[PDB]
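1. Got an experimental structure here, sequence first:
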Amino acid sequence: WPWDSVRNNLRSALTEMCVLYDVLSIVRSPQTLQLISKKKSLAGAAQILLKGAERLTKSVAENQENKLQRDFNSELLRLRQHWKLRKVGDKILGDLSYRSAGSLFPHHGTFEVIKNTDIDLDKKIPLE
Amino acid sequence: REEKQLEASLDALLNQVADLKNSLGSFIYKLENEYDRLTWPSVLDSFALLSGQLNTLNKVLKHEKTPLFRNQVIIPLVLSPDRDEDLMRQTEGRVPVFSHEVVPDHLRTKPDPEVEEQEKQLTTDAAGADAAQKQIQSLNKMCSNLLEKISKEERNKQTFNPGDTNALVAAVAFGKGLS
Amino acid sequence: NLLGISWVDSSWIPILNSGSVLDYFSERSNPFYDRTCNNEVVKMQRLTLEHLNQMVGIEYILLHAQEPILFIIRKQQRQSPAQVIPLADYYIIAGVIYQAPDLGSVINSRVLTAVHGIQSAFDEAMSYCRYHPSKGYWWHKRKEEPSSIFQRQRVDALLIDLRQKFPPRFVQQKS
Amino acid sequence: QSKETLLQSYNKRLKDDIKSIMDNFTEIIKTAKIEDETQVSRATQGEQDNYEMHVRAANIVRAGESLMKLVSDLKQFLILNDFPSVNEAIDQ
Amino acid sequence: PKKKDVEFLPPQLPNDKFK
């Protein structure tokens, strides 16, 4: 909705400029509107907070109820604690090159998580 | 006196609003060529920066040190649909050259408002204003007390003792303290 | 509430002369102005102008001289001179009948229009696409991967040895 | 090198922004608009004081109810400690 | 009319292998 929002902003700016120019040229019952407005504002704030809570605590509660397929906080620490330590060239942490006692030749590790639409899929980090 | 200061403040606010509108238009035009990787947070921040600065200036120049609105009357300079070459650079946004058959659907400052009548008709359908006001006042008082409490509540173990280190270094070599 | 009317001047104002406005406003047929004006109070006895703007009468008087379009019709009612109590505007100025307010009402209308546009933009951008806790958690090929070698990269140096032995021929004919 | 300082500063800034957003919903602590004191206009200025929540109230709540989980994930990923410094049972 | 210049930069094979 790039063009739609652009046109809306343009119309709003045109209206604002017209009102400002007009002001410059001119310069030289049981209604309870406040109560209804406050009620509508409270309803809107409650709807926004409910949408936020649904986005946060309902779509991220997968591993909270039962450990399922999720690379987030369930896969990376596994392989970390099991094989190597953390390091940051860019995202390269503990490549397996026997550098502890090799002393022959160095080799780095291009290890990085990736996404794919499937069931039970890990990060699958990349001689070969 | 006060009228001149109000006019100068209104002119400065209009200039700032025009600059902010030009900046927002340039940003929106930059959001059309680079349509990819358009995060919602950047658009939200742009919309907040484009609305807040203008709305605050508009509200400050309307409910702060204003005289009674019964003496001042609204009167424009002139209503002439003449095409002048020395007057098209003095409106800054619209009314460059007025048309002939434009009086009907252009004269109400291009009225966008369409929900005001619907809201009025919906409120008229509910025709008791004493408990609601009291509850609103109580909620306002509670929010004020909470904000005051928050404002009132809002307002490195060492392990490298140099003395002990120097003493140990001395005892390592000098006999004073060591033996 | 004399602002709900959305009338305009198309044929009732055939001329903008001095005497034409008074004749148009005094004879509303059908719609020319408010029929509850002091026309009857001025024509009650005879053709005069005391009850129009001179004497103490609640009439739509010319608050200011404006020959070009129309004088500022205001409900003038004051025992002393040089005084005008404004409450509305039924004139044909600006092609609309506003409340004759100061910059306040104009700024309020501008802010309302801007808020409407902002709400429309927010609603349009909200339900388009949104990020989630997981990157593309929905649905529950090689154009960026550049395989670098840099061992035999020397080939590029050999690359600048063919155009020198024989260069390509420009065509400028995209048949 | 001290890169954790920038991370701590970013986390503190995120927390301060979240606190300010949670505190930014008390601008009506001084009054509840029991009367219509709008001298300029009461139809489009005074009545629309709360009808423009999209640019006044809903304009800060959107970003204010988004930085929490984002900052949490940023802190948990940028700093995914894994630094027991002894690997206690790992050697085991 | 495809090109009226001499180009060798577009390849620009990156390294991204900082150790």
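-> Structure's in. What do you need? Residues are numbered from 1 along each chain as shown, chains lettered A, B, ... in the order given.
2. show me the contacts for residue 21.
-> Because you didn't say which chain, this covers chain A. The contact partners of residue A:21, taken as Cβ atoms under 8 Å, 6 or more residues apart in numbering or on different chains, are B:91-95. C-beta coordinates here come from the backbone N, C-alpha and C atoms, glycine included.
3. switch to chain D, that's the one I care about
-> Taking Cβ under 8 Å, 6+ apart, we find residue D:21 in contact with D:60-61, D:63-65, D:67.
4. which ones among those residues are found in helices?
-> If you go by DSSP state H, the contacts of residue D:21 have D:60-61, D:63-64, D:67 in helices.
5. and those as a markdown table, adding neighbour count and distance to residue E:3?
-> Formatted as a markdown table, the ones in helices among the contacts of residue D:21 follow (neighbours: other Cβ atoms under 10 Å in any protein chain shown; distance: Cβ to Cβ, whole Å):
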| residue | neighbour count | distance to residue E:3 |
| --- | --- | --- |
| D:60 | 18 | 52 |
| D:61 | 18 | 53 |
| D:63 | 16 | 46 |
| D:64 | 19 | 52 |
| D:67 | 17 | 48 |
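6. now, among those, which is nearest to chain E?
-> residue D:67 (31.2 Å; Cβ to the nearest Cβ).
7. Wait, that closest one touches residue D:17, no?
-> Yes: Residue D:67 lies in contact with residue D:17 (Cβ atoms under 8 Å); the separation is 5.8 Å.
8. Please work out which residue of chain B is closest to chain E.
-> For chain B, Cβ to the nearest Cβ, closest residue to chain E: residue B:37, 20.0 Å.
9. tell me the SS of that residue?
-> coil (DSSP: H, G, I helix; E, B strand; the rest coil).
10. For the host helix or strand of residue A:55, which outside residues touch it?
-> Element membership for residue A:55 (DSSP states H and E) is helix A:33-57. Identification of contacts with helix A:33-57 by Cβ under 8 Å, 6+ apart yields B:123, B:129, B:132-133, B:136, C:130, C:132-133, D:25, D:32-34, D:36, D:47, D:49-51, D:53, D:57-58, D:61-62, D:65-66, D:68-69.
11. any chance of the ones in helices among the contacts of residue D:21 in JSON lines, plus distance to residue C:22?
-> What follows is those, written out as JSON lines (distance: Cβ to Cβ, whole Å):
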{"residue": "D:60", "distance to residue C:22": "56"}
{"residue": "D:61", "distance to residue C:22": "57"}
{"residue": "D:63", "distance to residue C:22": "60"}
{"residue": "D:64", "distance to residue C:22": "61"}
{"residue": "D:67", "distance to residue C:22": "66"}
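12. Which residues of chain B lie near chain D?
-> Proximity of chain B to chain D, by Cβ under 8 Å from any Cβ of the partner chain, involves residues B:41, B:44-45, B:47-48, B:51-52, B:55, B:62-63, B:66, B:68-69, B:113, B:116, B:133, B:136-137, B:139-140, B:143-144, B:146-147, B:150.
13. Can you flag the buried ones in those residues?
-> Using 16 or more other Cβ atoms under 10 Å in any protein chain shown as the burial test, the residues of chain B next to chain D include B:44, B:47-48, B:51, B:55, B:62-63, B:66, B:69, B:136, B:140, B:143-144, B:147 as buried.
14. Quickly check: the host helix or strand of residue B:141 near chain A or not.
-> According to DSSP H and E, residue B:141 maps onto helix B:131-154. Yes: if you take Cβ under 8 Å from any Cβ as the test, helix B:131-154 does meet chain A, through B:132-133, B:136.
15. Now for the closest residue to chain B within chain C: which residues touch it?
-> Nearest to chain B in chain C, going by Cβ to the nearest Cβ, is residue C:95, at a distance of 3.1 Å. Contacts for residue C:95 (Cβ under 8 Å, 6+ apart) come out as B:103-104, B:106-108, C:8-9.
16. And for the closest residue to chain D within chain E, the neighbour number?
-> Per Cβ to the nearest Cβ, residue E:18 is where chain E lies closest to chain D, at 15.3 Å. Counted with other Cβ atoms under 10 Å in any protein chain shown, the neighbours of residue E:18 add up to 8.
17. Residue A:40 too?
-> Based on other Cβ under 10 Å, the number of other residues close to residue A:40 is 14.
18. and what of residue B:17?
-> The local packing of residue B:17 (other Cβ under 10 Å) involves 22 other residues.
19. next one: residue B:90
-> 12.
20. so which strand or helix has it?
-> Here residue B:90 is assigned to no helix or strand, by DSSP H and E.
21. Ok, the one 5 residues further on next?
-> According to DSSP H and E, residue B:95 maps onto no helix or strand at all.
22. which secondary structure element contains the residue lying closest to it once chain neighbours are set aside?
-> Setting aside the residues directly before and after it, residue B:95 is nearest to residue A:21 in space (Cβ to Cβ, 6 or more residues apart in numbering or on different chains), at 6.8 Å. Element membership for residue A:21 (DSSP H and E) is helix A:2-27.
23. chain center to that helix, what's the gap?
-> Relative to its chain's centre, helix A:2-27 lies at 34 Å (Cα atoms, centre = their mean, to the nearest Å).
24. Write out the residues of chain A neighbouring chain D.
-> A:33-34, A:37-38, A:40-41, A:44-45, A:48-49, A:52, A:56, A:60, A:73, A:76-77, A:80-81, A:85-86.
25. if we go to 7 Å?
-> A:33-34, A:37-38, A:41, A:44-45, A:48-49, A:52, A:56, A:73, A:77, A:80-81, A:86 (Cβ under 7 Å from any Cβ of the partner chain).
26. which helix is the longest one in chain C?
-> Counting residues, the longest helix in chain C under DSSP H turns out to be helix C:103-126.
27. Leaving out sequence neighbours, find the closest residue to the residue in chain C positioned nearest to chain D.
-> Chain D sits closest to residue C:104 of chain C, with a gap of 2.3 Å, by Cβ to the nearest Cβ. Take residue C:104 and drop its neighbours on the chain: the residue closest to it by Cβ to Cβ, 6+ apart is residue D:40, 2.3 Å away.
28. doesn't the one you found fall inside a helix?
-> No: assigned with three-state DSSP, residue D:40 falls outside any helix and is coil.
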